[PDB]
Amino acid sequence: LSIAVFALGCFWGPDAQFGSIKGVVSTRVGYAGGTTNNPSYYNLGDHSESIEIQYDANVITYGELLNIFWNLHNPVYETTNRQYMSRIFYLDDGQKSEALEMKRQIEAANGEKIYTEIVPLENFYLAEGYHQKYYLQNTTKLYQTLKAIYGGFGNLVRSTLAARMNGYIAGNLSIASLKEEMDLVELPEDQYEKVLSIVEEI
C-alpha cells in the first residue's frame, strides 16, 4: 500500500477518475504546495488543489498512475494560477525519478514541453468535508444510505467502495465493475440489494 500525491486542476474530476481505478484503495482531496498551515478552499494561499491516492502496488504501478495523470490533462501551457497548477508531489526519490523520466519522454514524444512540476511533498492538508466524494455526496439518497451502512462520513469517504461509487455517479465506472467492487466489500446481502436498487435507479 503506497501513496501518491498529484495536482491537475480542480480536484473533483481527479477524485472521481482515480477513485474508479482498480488498485486504488482510497482517495482524499486537499491542498498542497503552499507555505501556509491548514489552508481552506477560500484561503488556499500558494497551495494547489491536490489529490492523495492510496493504491495497492500489487495491482497498479506508480508509473501507471502517472500515465493516467498525464492522460487526464495536457499541461502544455504555463500559468501562474497556483490553485490549478499541474504538479507531482513525490514522497521518495523513486517517484521523483519515474516522474522526471516520464515527463522527459512525453516532452520528446509530442514535441511540446510539459509544464508539470515535480516537487517534494511537504504537507498535504485535507479539504473540507463537502469536497470529499463530491458527486456521491450530492446524490443524497444513495449517499446517506451508504453512509448509514459504513457508519459515519469519515468511514465512508475513506473506503474503496465510496471512491468507486463516486466515480460511477460521475460516469467514470462501468456498472459491472461497480458490482465487482461491491462483491469485494461483501455486504450482508440486504444492504447489497438496497444499494443496487438505488444505483440502478440512475
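Residue numbers here begin at 1 and follow the sequence given.
Averaged over Cα atoms, the B-factor as recorded in the entry is higher for 171 to 179 than for the other of 171 to 179 and 158 to 166.
Taking the PDB entry as given, 101 to 109 carries the higher mean Cα B factor of the two stretches 101 to 109 and 114 to 122. Remark: of 153, 41, 69, 62, 153 shows the highest value [criterion: C-alpha B-factor in the PDB entry]. Among 21, 187, 16, 10, the highest C-alpha B-factor in the deposited entry belongs to 187. The deposited CA B-factor of residue 37 belongs to the lowest third of values across its chain.
Sort the chain's modelled residues by C-alpha temperature factor and residue 136 lands in the middle third, per the entry. Split the chain's modelled residues into thirds by C-alpha temperature factor. Residue 49 is in the lowest one. Ranked against the other modelled residues of its chain, the C-alpha B-factor of residue 29 as given in the entry falls in the lowest third.
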